[PDB]
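Residue numbers (the authors' numbering), protein chains in the order written: chain A, 2 to 74; chain B, 1194 to 1243; chain C, 403 to 453; chain D, 697 to 890, 913 to 945; chain E, 7 to 159, 167 to 234; chain F, 4 to 158, 170 to 232; chain G, 504 to 553.
Where is the CB? At the ideal position from N, CA and C, for every residue including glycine.
Some notes on the structure that comes next.
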Amino acid sequence: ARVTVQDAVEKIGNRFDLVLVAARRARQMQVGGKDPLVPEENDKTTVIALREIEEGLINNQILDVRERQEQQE
Amino acid sequence: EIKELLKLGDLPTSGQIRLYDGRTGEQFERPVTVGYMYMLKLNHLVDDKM
Amino acid sequence: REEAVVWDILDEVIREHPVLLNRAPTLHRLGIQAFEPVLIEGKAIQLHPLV
Amino acid sequence: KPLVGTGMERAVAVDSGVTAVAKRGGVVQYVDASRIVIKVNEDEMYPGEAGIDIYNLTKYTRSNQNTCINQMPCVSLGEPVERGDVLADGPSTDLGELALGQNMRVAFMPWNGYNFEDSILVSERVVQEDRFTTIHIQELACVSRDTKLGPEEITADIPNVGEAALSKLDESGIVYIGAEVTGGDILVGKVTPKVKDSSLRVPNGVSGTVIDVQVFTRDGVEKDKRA
Amino acid sequence: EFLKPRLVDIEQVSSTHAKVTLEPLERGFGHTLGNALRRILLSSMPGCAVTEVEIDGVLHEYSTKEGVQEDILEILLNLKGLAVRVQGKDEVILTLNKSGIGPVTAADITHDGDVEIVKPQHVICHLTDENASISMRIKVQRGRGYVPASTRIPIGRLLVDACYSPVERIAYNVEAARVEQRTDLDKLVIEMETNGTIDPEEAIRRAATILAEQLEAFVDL
Amino acid sequence: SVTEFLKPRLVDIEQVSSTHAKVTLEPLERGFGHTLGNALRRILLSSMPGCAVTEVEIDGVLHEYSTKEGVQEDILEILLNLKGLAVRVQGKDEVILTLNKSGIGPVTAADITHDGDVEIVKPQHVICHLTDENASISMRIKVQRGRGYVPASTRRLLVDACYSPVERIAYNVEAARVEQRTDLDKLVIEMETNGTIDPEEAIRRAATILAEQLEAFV
Amino acid sequence: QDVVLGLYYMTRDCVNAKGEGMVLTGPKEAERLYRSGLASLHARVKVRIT
């Protein structure tokens, strides 16, 4: 259940870092592991990734810190 | 001549008969042009296309 | 065979997957857009009128 | 029978010879879907070599846009006819008048936006009266060549197929006339000798019912029981 | 406190169709129950359309039998134009056997008990020969709405379209009732058309039954 | 299978807080969503047993286009505000009330005399404004029971009595599918009332009326 | 084309019909009047909006 991606662009104004950040996170949530931090509505990880964008808790920085820490572990 | 042929029939002269929806079941305003058109089917059928 | 279970699977796999719609003489960039499908009986694409 | 005609349907329906044009007038003795027998009036008819006439109607057969071309009798039994007139109605002809589509009750009002750009809306009454119902005829072909490692057999023995796929065939592998065929079943069992199935099936997504089977064979080969 | 109507009048104004009358009704109920009953009486009624006909000398539906003038397809449409009444069964088989030169109407069908023909003078087809006899067996079953043969789908059993509808033409006109020491009483006049298979009292009663069940869907009785 | 129709049961009532109502029904037979929508719409619209304001006189005004000082508003405007007034009444048919008050401030519905039977449902609603220390307001409001929307010309300053508690009634029809089912209908009742009754009970009252009107049949 | 025709028909002012010259507290009862038939679709009326 998602119609517009306007607020996602309001949180990341570049609109192309939107695509890369959402795609990187949704790939890391698709095939295995690293569970979504939002309740889902029986919808695919595309809408889940954009929804977690519009909750603000996903950008390039969170992926940087988490991938770096998974490298450190 | 069309007005005369209509006057032979029971239909009004302007040909605009009042009609009624099936959903609302009430009268449309501004009575409408109905009639009998000769129509044709063309050979662009959908299961040929799809 | 198109059995009883496959249609529910199809309604699973559509629900949030866009498609591209495209009139063939593509003049400008509104010649191609994206839409979320909703399954309709019949054999012809229903399309939102304003677009 | 088109309502608002032009008066030009008569000459079209006469000269485009899809109908049964009476070469001589008279009285119709025998009417059939197959044929019409014409007893000629006496003054219209030669003393020597006299006889009568018989018009063979052209039955259900393939068109050239894969539509239906067929004739149907329009004259009742025991009836005066005039020389140079129709005797049977063909495709889109009625009583000697060219009737392409149908007259229908029609209305001009915007109805819920279903008629948005140019969209003609049709009530279910029209399809219930079966009056845009039309007939298509497809000519499915299958050939039996001869290449290396053997000829192309027309048997029914087909590897790895269901018996329901076999059940709409004869003992030989050609479908019976009258089978309500479905999209994907086998009409003719064609095998490639190696051995592998490449038999003729229905083009995918159409219904149909077989009306006729033509079979041709090059000279030098025996024929099976259905041929 | 509203005044409930009763089935005040049934008038068989013709052999095909009849008018019924609803009286008395209050303001607003006129178009309400008029549109409601019209839409139900067109939508879903019982019916006795023809479904499957097995003509003996026929392989497939596009052949032409020797001795009948029309196509077999036009014979199938003329069978579609048939009207028949049953009472107690959901399906039945009929029988037609006739030869000789003459029209072939439904009055020559074997007239078995609960099977009833209401338009006997309707023509099926004509013949041309002394000795060429059509012979068909007709399955007639109950049903509702429209069932084309592509949906629900022997080599002799032909399939025709299902035309489950007892009616074609339904109308309703509201007007005032009697004085009766209270004005604004609305006289509902329903003018329907019937081929002759469903009695109009039975029709309006089944319509009320269906719409009452659809209100039963959430409110209690 | 000729008597059977797919009886729906209400899948959810997405009700919003007080009087906004979105009631859904599925699955329905081909066509019946519109007849249920039209039946419930016309019955809730024109015939609901309810009560409203009928006629109000001003003790110092004998004309519609007039004014009393100390009031920011006009008497036509307070006719609008009294049409907005919402009252449930005991089974007595009519009773007169009033608005006798001398005081600076907005005049609310709670500052009406309570008068036993009559229960005002919205005390937060404000009728008119008074501002002067000696401008007194006094009028005679007369409620009545009835079953429709009665305008002025169909009938002291008159009030059109919106007896039906509903304020907006509307319905859309979308497609809803069951297993192999081609085209089955779905009723979506979106509806607002005045808050004198909860909306689902109003739906059941309308259905009860039409149920009696069919109880005469079968 | 169609929806603009419907809107242009929906906002215009005929000089007189049913409901011309009364007052209404809200657009909800305006829709309730038009679905009733106890008024015009369109008549110059003083209402309250917000």
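Review point. By the criterion of Cβ-Cβ separation under 8 Å, what are the contact partners of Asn41 (chain F) in chain B?
Key: Sequence index remark: in the sixth sequence, residue 41 (chain F) carries index 38 (1-based). Chain order gives the chain B residues near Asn41 (chain F) as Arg1216, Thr1217, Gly1218, where near means a beta carbon separation below 8 Å.
Point to revise | Cβ-based burial, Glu414 (chain C) [other Cβ within 10 Å; buried from 16] | key: What you label residue 414 (chain C) is simply residue 12 of the third sequence in a count that begins at 1. It is exposed - the Cβ of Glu414 (chain C) has fewer than 16 other Cβ atoms within 10 Å.
Point to revise | Cβ of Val1239 (chain B) within 9 Å of any chain C Cβ | key: The count along the second sequence starts at 1 and reaches residue 1239 (chain B) at position 46. So yes, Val1239 (chain B) belongs to the interface.
Review point. Looking at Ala175 (chain E) and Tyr185 (chain E), is the spacing between their C-beta atoms short of 9 Å?
Key: Indexing the fifth sequence from 1 puts residue 185 (chain E) at position 172. Indexing the fifth sequence from 1 puts residue 175 (chain E) at position 162. Result no, Cβ atoms of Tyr185 (chain E) and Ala175 (chain E) do not sit closer than 9 Å.
Check your understanding: At least one CB of chain G closer than 9 Å to the CB of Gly87 (chain F): is that the case?
Key -> The residue given as residue 87 (chain F) occupies position 84 in the sixth sequence. At least one chain G Cβ lies under 9 Å of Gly87 (chain F).
Exercise for review: Determine, using beta-carbon pairs with one atom in the stretch 1225 to 1238 of chain B and one in the stretch 914 to 924 of chain D, whether at least three such pairs fall under 8 Å.
Suggested key: no
Review point. Nearest chain C C-beta to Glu32 (chain F) closer than 9 Å, yes or no?
Key: Walking along the sixth sequence from the start, residue 32 (chain F) turns up at place 29. Not one chain C Cβ lies under 9 Å of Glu32 (chain F).
Check your understanding: Per DSSP, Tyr185 (chain F) forms a beta bridge with which residues?
Key -> Here the question's residue 185 (chain F) lines up with position 171 in the sixth sequence. Answer by DSSP bridge pairing, in chain order: F:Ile203.
Check your understanding: CA-CA distance, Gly94 (chain E) and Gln18 (chain F)?
Key -> Residue mapping note: residue 94 (chain E) aligns to position 88 of the fifth sequence, counting from 1. Residue mapping note: residue 18 (chain F) aligns to position 15 of the sixth sequence, counting from 1. Going by the C-alpha atoms only, they are around 47 Å apart.
Exercise for review: Can you check the stretch 95 to 136 of chain E for any beta strand (DSSP E) of at least 3 residues that lies completely inside it and give the ranges in chain order?
Suggested key: 97 to 104, 109 to 111, 129 to 132
Review point. Buried or exposed: which applies to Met768 (chain D), given that a residue is buried once 16 or more other Cβ atoms fall within 10 Å of its Cβ?
Key: For the purposes of this step, residue 768 (chain D) is taken as the residue at position 72 of the fourth sequence. If you draw a 10 Å sphere on the C-beta of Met768 (chain D), you find 16 or more other C-beta atoms in it, and that means buried.
Exercise for review: Report the three-state DSSP secondary structure of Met704 (chain D) (helix, strand or coil).
Suggested key: What you label residue 704 (chain D) is simply residue 8 of the fourth sequence in a count that begins at 1. If DSSP states are grouped into helix, strand and coil, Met704 (chain D) belongs with coil.
Exercise for review: Kindly confirm or deny that the stretch 45 to 61 of chain E and the stretch 20 to 37 of chain E touch, where touching means at least three C-beta pairs closer than 8 Å.
Suggested key: no
Check your understanding: For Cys54 (chain E), which beta-bridge partners are listed by DSSP?
Key -> Locating residue 54 (chain E) in the fifth sequence gives position 48, where the first residue counts as 1. For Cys54 (chain E), which the question treats as bridged, DSSP gives no partner whatsoever.
Exercise for review: Note down, in chain order, each residue of its chain lying with its Cβ closer than 8 Å to the Cβ of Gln75 (chain E), except the 5 sequence neighbours on either side.
Suggested key: For the purposes of this step, residue 75 (chain E) is taken as residue 69 along the fifth sequence, with counting starting at 1. Taken in chain order, the residues that qualify are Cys131, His132, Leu133, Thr134.
**Study point:** Any C-beta of chain C under 9 Å from that of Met1243 (chain B)
**Key:** Within the second sequence, numbered from 1, the residue matching residue 1243 (chain B) stands at position 50. By this cut-off, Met1243 (chain B) is an interface position.
Exercise for review: For the stretch 819 to 835 of chain D and the stretch 743 to 755 of chain D, state whether three or more C-beta atom pairs, one from each stretch, are separated by less than 8 Å.
Suggested key: At 8 Å Cβ cutoff, the stretches do not touch.
Point to revise | Buried versus exposed call for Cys54 (chain E) [16 or more other C-beta atoms within 10 Å across all chains shown] | key: Within the fifth sequence, numbered from 1, the residue matching residue 54 (chain E) stands at position 48. Under this definition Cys54 (chain E) is a buried residue.
Review point. Which residues in the same chain as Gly73 (chain F) place their Cβ atom closer than 7 Å to its Cβ, once the five residues preceding and following it in sequence are excluded?
Key: In the sixth sequence, the residue the question calls residue 73 (chain F) occupies position 70. Excluding sequence neighbours, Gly73 (chain F) sits near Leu133, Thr134, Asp135, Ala138.
Point to revise | For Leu47 (chain E) and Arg44 (chain F), the rounded distance between their alpha carbons | key: Mapped onto the sixth sequence, residue 44 (chain F) falls at position 41. Mapped onto the fifth sequence, residue 47 (chain E) falls at position 41. So the alpha carbons of these two residues sit roughly 20 Å apart.
Practice item. Report the residue from F:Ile140, F:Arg191, F:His66, F:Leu31 whose alpha carbon sits nearest the alpha carbon of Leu228 (chain E). Key: Working through the fifth sequence from its first residue, we reach residue 228 (chain E) at position 215. That would be F:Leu31, whose Cα lies nearest to the Cα of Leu228 (chain E).
**Study point:** Pair within 9 Å by beta-carbon distance, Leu100 (chain E) and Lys71 (chain E)
**Key:** For the purposes of this step, residue 100 (chain E) is identified with residue 94 of the fifth sequence, where counting begins at 1. For the purposes of this step, residue 71 (chain E) is identified with residue 65 of the fifth sequence, where counting begins at 1. No, the pair does not count as a contact, with Cβ atoms beyond the cut-off.
Exercise for review: For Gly809 (chain D), return the contacting residues in chain G, with the cut-off set at a CB-CB distance below 7 Å.
Suggested key: Walking along the fourth sequence from the start, residue 809 (chain D) turns up at place 113. By Cβ distance, chain G contributes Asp505, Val506.
Practice item. Using three-state DSSP, classify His37 (chain E) as helix, strand or coil. Key: Working through the fifth sequence from its first residue, we reach residue 37 (chain E) at position 31. If DSSP states are grouped into helix, strand and coil, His37 (chain E) belongs with the helices.
Exercise for review: Take the Cβ of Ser50 (chain F) as the centre, count every other Cβ of all protein chains shown within 10 Å, and call the residue buried at 16 or more, exposed below.
Suggested key: The residue you call residue 50 (chain F) lines up with position 47 of the sixth sequence. Burial call: buried.
Review point. Taking C-beta to C-beta, are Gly40 (chain E) and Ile203 (chain E) nearer than 9 Å?
Key: Walking along the fifth sequence from the start, residue 40 (chain E) turns up at place 34. Walking along the fifth sequence from the start, residue 203 (chain E) turns up at place 190. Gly40 (chain E) is a Cβ neighbour of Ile203 (chain E), given a cutoff of 9 Å.
Review point. What beta strand (DSSP E) runs, 3 residues minimum, are completely inside the stretch 403 to 450 of chain C?
Key: 421 to 424, 434 to 437
Check your understanding: Along the chain, where does the beta strand (DSSP E) that runs through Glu29 (chain E) open and close?
Key -> Taking the fifth sequence and counting its residues from 1, the one referred to as residue 29 (chain E) is at position 23. Counting along the chain, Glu29 (chain E) sits inside the beta strand (DSSP E) bounded by residues 24 to 31.
Review point. Shortest alpha-carbon distance to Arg148 (chain E) belongs to which of E:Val121, E:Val129, E:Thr157?
Key: As a position in the fifth sequence, residue 148 (chain E) is number 142, starting the count at 1. Each of E:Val121, E:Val129, E:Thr157 was checked against the Cα of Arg148 (chain E), and the nearest Cα belongs to E:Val121.
Check your understanding: Taking the Cβ atom as the reference point for each residue, do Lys200 (chain E) and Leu28 (chain E) lie within a distance shorter than 9 Å?
Key -> Against the fifth sequence, residue 200 (chain E) aligns to sequence position 187. Against the fifth sequence, residue 28 (chain E) aligns to sequence position 22. One thing to note: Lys200 (chain E) has its Cβ within 9 Å of the Cβ of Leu28 (chain E).
Review point. On the three-state DSSP scale, how would you describe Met1232 (chain B)?
Key: Counted from its first residue, the second sequence places residue 1232 (chain B) at position 39. Correct three-state label for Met1232 (chain B): strand.
Check your understanding: Based on Cα-Cα distance, which residue from F:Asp15, F:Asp96, F:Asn103 lies nearest to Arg143 (chain F)?
Key -> Start at 1 with the first residue of the sixth sequence, and residue 143 (chain F) comes out as number 140. Out of F:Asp15, F:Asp96, F:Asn103, F:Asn103 has the C-alpha closest to the C-alpha of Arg143 (chain F).
Practice item. Would you please verify whether the beta carbon of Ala426 (chain C) is less than 9 Å from any beta carbon of chain B? Key: The sequence position of residue 426 (chain C) within the third sequence is 24, counting from 1. No, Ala426 (chain C) does not count as interfacial toward chain B.
Check your understanding: For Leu796 (chain D), which residues in chain B fall below 7 Å Cβ to Cβ?
Key -> As a first step, residue 796 (chain D) is located in the fourth sequence; it is residue number 100 there, counting from the start. The contacting residues are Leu1233.
Check your understanding: Does the pairing of the stretch 761 to 775 of chain D with the stretch 710 to 728 of chain D give three or more beta-carbon distances under 8 Å?
Key -> yes
Review point. For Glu813 (chain D), which of helix, strand or coil comes out of DSSP?
Key: Translated into positions along the fourth sequence, residue 813 (chain D) becomes position 117. Note: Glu813 (chain D) maps to coil in three-state DSSP.
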